[PDB]
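Participant: sequence first, structure after, both from an experimental entry:
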Amino acid sequence: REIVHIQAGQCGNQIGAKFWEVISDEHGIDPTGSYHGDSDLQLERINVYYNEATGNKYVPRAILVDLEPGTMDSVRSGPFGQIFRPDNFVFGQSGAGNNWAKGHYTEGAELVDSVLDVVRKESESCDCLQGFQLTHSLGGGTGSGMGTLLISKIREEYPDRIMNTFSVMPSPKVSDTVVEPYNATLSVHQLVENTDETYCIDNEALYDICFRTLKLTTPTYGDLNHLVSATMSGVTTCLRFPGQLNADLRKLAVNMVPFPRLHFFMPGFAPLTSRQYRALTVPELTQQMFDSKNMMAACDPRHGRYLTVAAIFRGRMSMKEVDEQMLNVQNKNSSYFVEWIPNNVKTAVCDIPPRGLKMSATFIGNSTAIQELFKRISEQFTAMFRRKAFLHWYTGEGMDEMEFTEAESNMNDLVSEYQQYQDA
Amino acid sequence: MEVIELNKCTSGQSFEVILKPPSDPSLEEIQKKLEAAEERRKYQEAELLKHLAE
Amino acid sequence: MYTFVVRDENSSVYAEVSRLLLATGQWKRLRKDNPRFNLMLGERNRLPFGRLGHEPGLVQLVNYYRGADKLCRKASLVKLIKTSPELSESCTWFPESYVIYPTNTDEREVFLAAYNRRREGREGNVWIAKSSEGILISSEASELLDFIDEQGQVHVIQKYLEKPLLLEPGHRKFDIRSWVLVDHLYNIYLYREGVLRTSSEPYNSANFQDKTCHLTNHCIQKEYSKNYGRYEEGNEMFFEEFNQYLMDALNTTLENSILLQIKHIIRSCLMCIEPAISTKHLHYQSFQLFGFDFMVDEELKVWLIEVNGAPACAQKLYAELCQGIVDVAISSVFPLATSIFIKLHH
Amino acid sequence: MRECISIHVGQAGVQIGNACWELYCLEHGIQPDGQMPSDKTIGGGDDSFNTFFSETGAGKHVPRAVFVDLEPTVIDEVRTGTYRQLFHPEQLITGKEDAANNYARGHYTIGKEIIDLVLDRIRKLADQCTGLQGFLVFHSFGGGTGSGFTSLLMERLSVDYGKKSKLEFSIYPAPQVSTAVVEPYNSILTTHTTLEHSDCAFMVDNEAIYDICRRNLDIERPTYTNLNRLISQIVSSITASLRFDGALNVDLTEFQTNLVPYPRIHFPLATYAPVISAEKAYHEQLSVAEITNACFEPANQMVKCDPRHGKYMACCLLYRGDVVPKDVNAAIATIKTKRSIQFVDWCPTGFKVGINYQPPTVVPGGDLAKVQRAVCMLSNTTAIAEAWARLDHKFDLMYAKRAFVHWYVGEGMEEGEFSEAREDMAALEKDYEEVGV
Ligand SMILES: Nc1nc2c(ncn2[C@@H]2O[C@H](COP(=O)(O)OP(=O)(O)OP(=O)(O)O)[C@@H](O)[C@H]2O)c(=O)[nH]1
Ligand SMILES: Nc1nc2c(ncn2[C@@H]2O[C@H](COP(=O)(O)OP(=O)(O)O)[C@@H](O)[C@H]2O)c(=O)[nH]1
Ligand SMILES: COc1ccc(N(C)c2nc(Cl)nc3cc(F)ccc23)cc1
Ligand SMILES: [Ca+2]
Ligand SMILES: [Cl-]
Ligand SMILES: [Mg+2]
Ligand SMILES: [Mg+2]
């Protein structure tokens, strides 16, 4: 039933704030935590993401984490900043310097116990906690290092709950520092071991979508996070809205993940919006949402095969038409769905559409073409590591080249595992 | 084709029509199985936790 | 765009149907085990009928009729003719036949009751034996059952046609192959072209241990026969030459003397089993191509010997016939973006 | 008089149970509060409807029924719905977290935790029985609870009530409404563990009910509600001989005796006709001959398969409404002439027939119209094994890669239970084939 949400770092916190804005709107809750919507469906499962507080108030079940207070202060002064309980703000002062080692091993260890204290408080006030979702980036310092540190701690104290993460993958087209491959790779090693399901949100993809199709000449982090909050609302609708399929995080893990390591999901959204007037038809929605140009992970789906697919349709539309269209895609492209998992595409419908849309479609694909992402990172890792470039920032915090070698190997193994089933 | 054993009452009747003649484990073992799987589970959890300790 | 699947690579007719389907550009082929097909050219054995028709959003169609084996394996067909009122044991176009099991229900104790009345009445008493290579045509029973029991499978033995119609010049035997296509609606279509599989050796009614002038198989004629192809290329006389021969030598038409009986027999057999195999209200649909084999006697009377359920054509006619299967069996259910079949209805 | 206890397990069982008990109450004139005016014997009786309802001193008729699910959201709708007063609270049993579409989670991890509570509550029903004859158990093949908890409960019922009959109503999986990719696994697992604990089982294929609802009810995208109201009809048709005066299928044992000669092959095919939309303006009423004929159209079966290519081991006709024997035997004769109906050697070519003169009750406002006469045919044909084939083949595709196996193993199940189950099913499939070809 209850979900405990964590956002860590600059990137984590920014996309998390946007997520809470969006779904707080969708459920009729205003920046003060007072419900002001009209319908019923908005409150049926409100507790999955919100706690009820004195005076019929709704408080998001969310913990904000960082090693520097800059972005946390920004959130408090931000639109919904006063919807969170202030005690759930857990921050350091020193920062993590884009350094995975600082976030995992030195600066973040100092702060991790208090974060877990707040987590504990939030969980013991749960009737039946299903698990955790963590938003963070894999190229930074706090997000990647300290978030993966959080995650394995959480796994230790709650080993029978679901760990789910929204993970933003670094890209040179949208890059803060050169050590971002290193951080990413060291994180992926963690994730492949301690998450049940991970949404790979590629910044490369988000950039290309803002540029090639939304026609934004200079994309800002904001333009990128608008796509992200769109995608997050999509992929959690079946969690927070009452439907025929009455879904939670563990069912999603069970049905989407054939093998425990291959839990890296390619998300997609349609229609692609910028910060229109023409209603999309269900056939349009359905073959935009499958389009490579609508996926937030930069990989060519035609370059591998789908292991599983979940497809959500938001808005008032023809269940019959959605059924027919989904079936036309599968039956017209059955090359790209593995035949050893029968009926591997499932569809859900939610009457409520997102803000500003009559109808939308959100896509969650577990495809072997995700390997492309990791290969990309691994190449970028190696070009530096074969010269031990920039390593001193890490060995300065106590790390050994050996750890790097092990992370690299594990990600390469992950890529091979995906390649094993792309040909089965 | 002959009609046999017609039994009839105020709610209905029933009859037969012939057209041609003819040409567990114990409570013990069950709780043992349930507890066996609990043990494997507790062992996988211990394996995990020791690893996390490492 | 429609999708099909091929499960019998060793079928000449349907290999050509596959090529013709792709050619349209509206049919792509899938891997043999992909269940998201519109069309299955199934295997000949243990075709998984039970898995057909359960794919939502797919109309599904298969190139065999489940249950058609009852017509197309020899003991089964004898059983069908005897027990079915529509055909009856009084059937006047199927030879007297009996189902015999090896030494290792059976009908040899009913056989002998007729055989000895044939020998006493001093009638021709040749009988042939075969099942579904290993043929014995003999004049006394103790050769027949003796041979049956050396093999180990069910056999049928039937009244040999002692006075066949012999083509001159050459004084030789033949069988007639008709190709019949039953579509998903159960329209019976007889292909305009048939073939005469002849023998290259004059008919020797003396010793029945020589099978070269009594059996008309395209295989036993190329290898072990003297002059394979002397009179017609590959031992195959088609319908025009044979109609012309009938007119010249015997003063009749193929249509009148023979075809009418064949159209009757086809329609008999298929309409007889229609309620057992029809797919009219089924969750998947069936069509099937059948090869009826006929033997004409010296009195211009037609006899049915075998029905084959997985038949090959004649190299000259593959094109036209397989294009017809596409037109009337496949495009009728899956339409794209002067007929060669005679429709049998009465 | 001998009582029957209904047990509904999981989402599918509980919503179907809702359907059936709503129907039951309309049919016996039992109001939503549990009051049945035609019942002059106040506070007790050994009437025929008493096999399904017990009575309180206050004239309240209460289902001999337990609802069990491992998460609370579906049974909560029973606790707050029209018939909340019908059910006494301790007959509605919910857990806290479901089995997550995982048989191993429902059989092993969670089932162990809640089996003894359920057994205690069933015992409180059985202790209100003078001569309990057994159980009718409704559950999905596909769901985590429906498969896993059910087979655990079947095992334990065989222990605590070993002389009592157990009948299943089981929802076979279909992709047009399925909720999980691992439903073939759960289906095989729960069938292998339950097979020896179930005397007769009525399989209902969701694919069938869905198509029936699209073709005959002109429902464009059927809901569980649509499906359930039609399934309840069939279930009411099957149990009516237990709740009404009659001589056919009077006790649960009679179902085994009339429909199940070989104990393993205890899967009768249900076929029902007519199913007629309420929005049909001009409908004209089908004859006894017409509906008994529809009983042999595969489009009316509870499981899509072709009995023409199988053999019958038993056949029973249950009519309801305006039917007399002679019209029955008329229609039988003509159908026998025009249809492929082959029995096995050792079985009589025959039909056990039951008539109940009251036509089907239909839910006011539903999708189904009154008809003057209706019939349900229960036939033990080998053709139903087609379904097992489909299922097993799907099973095999997945298990060849051990896809998803890890989720089950992580609940304490051993990989070998997979093969073991598949291993039994290949047995079952062979039994059907030798009995039938
Ligand atoms: N006919 C019908 N089928 C249903 C219904 N509800 C669920 N199903 C089917 O049942 C299967 C899913 O099993 P469920 O009973 O929902 O699962 P569960 O027993 O609740 O177990 P978990 O939720 O996994 O803990 C799927 O094939 C569904 O299509 C229903 O109300 N009617
Ligand atoms: N999509 C997105 N990516 C971001 C955002 N902020 C930072 N990033 C990416 O995250 C990486 C930097 O890590 P950052 O989150 O700033 O460091 P941290 O605070 O220690 O986790 C780089 O790849 C950035 O492009 C954001 O708001 N949106
Ligand atoms: C491919 O097989 C399956 C995949 C996923 C799922 N379930 C449990 C789902 N869960 C959640 Cl949270 N959202 C979903 C959104 C969808 F559009 C489809 C399914 C969803 C079931 C079967
Ligand atoms: Ca009473
Ligand atoms: Cl007992
Ligand atoms: Mg930064
Ligand atoms: Mg459930």
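Facilitator: That came through, no problem. Numbering: from 1, shown residues only, chains lettered A, B, ... in the order given. Ligands and ions are numbered 1, 2, ... in the order given.
Participant: that's a strand at residue C:98, yeah?
Facilitator: Yes: per DSSP: H, G, I helix; E, B strand; the rest coil, residue C:98 lies within a strand segment.
Participant: quick check: the residue of the stretch 51-200 of chain C nearest ligand 5.
Facilitator: Going by Cβ to the ion, ligand 5 is nearest to residue C:54 of the stretch 51-200 of chain C, at 40.2 Å. No exception for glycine: its C-beta is placed from N, CA and C like everyone else's.
Participant: how many neighbours does that residue have?
Facilitator: 19 (other Cβ atoms under 10 Å in any protein chain shown).
Participant: so what's residue A:380 up against?
Facilitator: Listed by Cβ atoms under 8 Å, 6 or more residues apart in numbering or on different chains, the contact partners of residue A:380 are A:172, A:180-181.
Participant: same for the helix or strand hosting residue C:19, what does it pack against?
Facilitator: Residue C:19 is part of helix C:12-24, with elements assigned from DSSP states H and E. Counting contacts by 3 or more Cβ pairs under 8 Å, 6 or more residues apart in numbering or on different chains; DSSP states H and E, helix C:12-24 is packed against strand C:2-6, strand C:27-29, strand C:39-41, helix C:318-325.
Participant: surely residue D:359 touches residue D:319?
Facilitator: No: with contacts counted by Cβ atoms under 8 Å, residue D:359 stays clear of residue D:319, the gap being 9.9 Å.
Participant: common neighbours of those two, please.
Facilitator: Common neighbours of residue D:359 and residue D:319 (Cβ under 8 Å, 6+ apart) are D:373-374.
Participant: those two: which is more packed in?
Facilitator: Set residue D:359 next to residue D:319 and count neighbours by other Cβ under 10 Å: residue D:319 wins out with 28 against 16.
Participant: where's that one, which helix or strand?
Facilitator: Here residue D:319 sits within strand D:312-321, counting by DSSP H and E.
Participant: quick one, strands of chain B?
Facilitator: Counting by DSSP state E, one finds strands in chain B at the ranges B:2-9, B:12-20.
Participant: just say which of the ones you listed is most tucked in.
Facilitator: Of all these, strand B:12-20 carries the top mean neighbour count, a mean of 19, counting by mean count of other Cβ atoms under 10 Å in any protein chain shown.
Participant: roughly how far is that strand from the heart of the chain?
Facilitator: Chain-centre distance of strand B:12-20: 31 Å, with Cα atoms, centre = their mean, to the nearest Å.
Participant: same check, this time on stretch D:171-181
Facilitator: With Cα atoms, centre = their mean, you get 16 Å for stretch D:171-181.
Participant: now the terminal residues of that stretch, how far apart.
Facilitator: One end of stretch D:171-181 to the other measures 16 Å (Cα to Cα, to the nearest Å).
Participant: give me the contact list for it.
Facilitator: With contact meaning Cβ under 8 Å, 6+ apart, stretch D:171-181 is reached by A:245, A:251, A:254-255, A:308, A:323, A:341-344, A:346, C:56, D:12, D:16, D:101, D:139-144, D:146, D:183-184, D:186-187, D:203-208, D:210, D:222, D:224, D:227, D:303, D:387, D:391, D:404.
Participant: which bits of chain A sit near chain B?
Facilitator: A:152, A:155-156, A:159-160 (Cβ under 8 Å from any Cβ of the partner chain).
Participant: please, which helix or strand holds the residue of chain C found nearest ligand 3?
Facilitator: Nearest residue of chain C to ligand 3: residue C:56, at 15.2 Å (Cβ to the nearest ligand atom). Using DSSP H and E, residue C:56 falls within no helix or strand.
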